[PDB]
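Undergrad: After the structure tokens below, expect a handful of questions from me.
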Amino acid sequence: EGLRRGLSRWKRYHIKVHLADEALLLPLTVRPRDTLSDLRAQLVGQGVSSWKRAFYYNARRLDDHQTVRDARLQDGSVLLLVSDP
Amino acid sequence: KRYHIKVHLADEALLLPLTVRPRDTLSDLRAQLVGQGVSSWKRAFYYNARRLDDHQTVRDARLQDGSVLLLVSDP
Ligand SMILES: [Cl-]
């Protein structure tokens, strides 16, 4: 049932957010429960100007309330953070 | 002199290292990606989210060691 996922409560993904505008790769440690909003909040804590920027994975736009699990991210996954004028 | 850059293939979500010379054109980088099986037809390079011209050199695009380019498929 949920035994497997139960025994992995402390699972952390080490991912990368490619900030397109800065051509920078920011590493984030994230939980599969985290929403992209949590990721945005982490990035804001690093001074990333998040206003009017969206996440893309496999070149498709992600809704801010998807989770790291729903986005099917894993260790090493690279997200793209894209400005919209 | 060689730079070690990365190309972020947006569709595949992969980060491909390339070794390039400052005088390499982006057309040369494309041929490297094609040699690695990257389906490059109608994909363009972006840096700082500005579309790049294939005739531009690594040097003139102001790339350096560790620069991350972005390869994006066209409309
Ligand atoms: Cl040459």
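What follows draws every value from the coordinates through simple rules; no lab data is involved. Note that each Cβ is placed from the backbone with ideal geometry, even for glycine, and that neighbours are counted across all protein chains shown.
Undergrad: If one computes the Cα centroid of region A:65-85 and of region B:1-59, what distance in Å separates the two points?
TA: 23 Å
Undergrad: Let me know the mean shielding of A:16-22 by other chains, meaning the per-residue number of their Cβ atoms within 10 Å of its Cβ.
TA: The mean count of partner-chain Cβ atoms within 10 Å per residue comes to 4.
Undergrad: Relative to the longest principal axis of chain B, what angle (0 to 90°, nearest 10) does the C-alpha long axis of helix B:26-35 take?
TA: Orientation of helix B:26-35: about 60 degrees from the principal axis.
Undergrad: For region A:17-85, what is Rg from Cα atoms divided by 2.2 N^0.38 Å, rounded to two decimals?
TA: 0.99
Undergrad: For a quick check: with amide H placed at 1.01 Å from N, whose amide H comes under 5 Å from residue B:68's, ignoring anything fewer than 5 positions away on the same chain?
TA: Those qualifying (amide H under 5 Å, at least 5 residues apart or on another chain) are B:6.
Undergrad: With r as the distance between the Cβ atoms of residue A:70 and residue A:9 and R0 = 25 Å, compute the FRET efficiency 1/(1 + (r/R0)^6) and round to 0.05. Please list the in-between numbers first.
TA: Details: r = 18 Å, r/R0 = 0.74.
Efficiency, rounded to the nearest 0.05: 0.85.
Undergrad: Using the eigenvalues of the Cα gyration tensor, what equivalent ellipsoid semi-axes result for the protein assembly as shown when each is taken as the square root of five times the eigenvalue, whole Å, largest first?
TA: Semi-axis lengths for the protein assembly as shown are 31, 17, 14 Å.
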